[PDB]
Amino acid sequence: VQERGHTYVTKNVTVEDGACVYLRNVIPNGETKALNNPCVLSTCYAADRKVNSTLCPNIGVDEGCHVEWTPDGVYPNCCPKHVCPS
């Protein structure tokens, strides 16, 4: 049972005015926000001073396939896309 989106936890994040400041991203407590830099899907827990972020899925290019990626936009528009013709 594969896992596509990997999640990580950033600890000891700064909490100001009830919001998490994570790499210049302001996320109010108990809210799920899609970020551009990093291109992750983050959720703040200010009581524990932590941020749970979901990453884009890793890509293994198949035959006749390629990767289309752009840094613009927020998650998941900035994720790399495993594009195969269809």
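Counting begins at 1, following the sequence as shown.
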property	result
Stretch with the higher entry mean CA B-factor, where the candidates are 20-28 and 66-74	20-28
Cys56, C-alpha B-factor rank within chain (lowest, middle or highest third)	lowest
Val1 by Cα B-factor - lowest, middle or highest third of the modelled chain	highest
B-factor third for the C-alpha atom of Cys84 within its chain	highest
Assigned third (lowest, middle, highest) for the C-alpha B factor of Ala47	highest
